[PDB]
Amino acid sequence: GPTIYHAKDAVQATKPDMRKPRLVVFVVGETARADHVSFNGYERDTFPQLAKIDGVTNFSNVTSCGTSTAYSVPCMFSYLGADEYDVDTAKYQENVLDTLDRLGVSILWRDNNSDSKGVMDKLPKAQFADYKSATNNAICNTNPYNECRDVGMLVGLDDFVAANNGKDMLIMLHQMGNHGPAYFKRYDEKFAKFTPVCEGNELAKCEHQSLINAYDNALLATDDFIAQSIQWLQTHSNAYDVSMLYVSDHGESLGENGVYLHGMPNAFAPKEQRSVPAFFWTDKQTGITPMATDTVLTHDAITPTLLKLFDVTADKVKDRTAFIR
């Protein structure tokens, strides 16, 4: 089909041959609720590793585009904004990855969730890698489900950096994260802090506290994955300006008014399905300044954030609020 462009005017103001190349990891999260984040007031410390890392910003007021992976993920990378976004014709629209690629940024998408929901479809197939099986993911045999773990996506990223030495790079890591209903399968035993847990798919038959426990354990694993992503970036901070962005695709209902899981239409969806966490980290030397933690933000902020991270300006999102200055 056709491509309708939105950033043909886009210009990268400076190039990696004149200033430090930039290296960004964007963790595309899954099913995480803002109100179960310690930083947002949650009673449990669900992000203990992130709490110890300097330079992390937590955003307390972020609303997802929609309530499902298929709806939210393409919107996260869209130029159109939630008001004009259409899930069925996103495939015909230039998205922010298309732009950054055109401007010379090396794009990599590793996926331990499903796939990019069409976002990577215009780009060469080799730039997308499936990390849901043991063919690519070296960390799948740590649990009785043989489920591949998000941290497996970090393995061998030095190879990608070496292959693209001196270039700007954007790496998407699409998490399995807190995907349900089987929250108990989403984390290895070392993250089983809150017990007992719900261990079946009939969620309404579990004790509510056990359901919450499994969900919170899954967040601990995500805290770990993000912390290790930051550590990996840190090892490249001499040669690259390094940053990490995390946003979840949507939240999750956990029994409130008897509603479970997600995917409800936006018109009727409860707040829990759209209130998501977002984190930003950057190294001391990058000169990137986060917006105020309580800025009213949505998934619409992702595209101008990614453009700003690579010194690109596009008229379409000129004045649009981002996660960063």
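The numbering used is simple: start at 1 and walk along the sequence shown.
- Of the two segments examined, 41 to 49 and 266 to 274, it is 266 to 274 that shows the higher average Cα temperature factor in the deposited entry.
- Looking at mean Cα B-factors across 240 to 248 and 174 to 182, the upper value is held by 174 to 182.
- Per the deposited record, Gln285 carries the highest C-alpha B-factor of all listed residues (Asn58, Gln285, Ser64, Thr31).
- Out of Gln209, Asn201, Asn113, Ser72, the entry records its largest CA B-factor for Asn201.
- For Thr303, the recorded CA temperature factor ranks within the middle third of the chain's modelled residues.
- The deposited CA B-factor of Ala214 belongs to the lowest third of values across its chain.
- Ranked by C-alpha B-factor against the other modelled residues of its chain, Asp130 falls in the middle third.
- When all modelled residues of the chain are sorted by CA temperature factor, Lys20 is found within the middle third.
- In the PDB entry, a CA B factor belonging to the lowest third of its chain's modelled residues is recorded for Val119.
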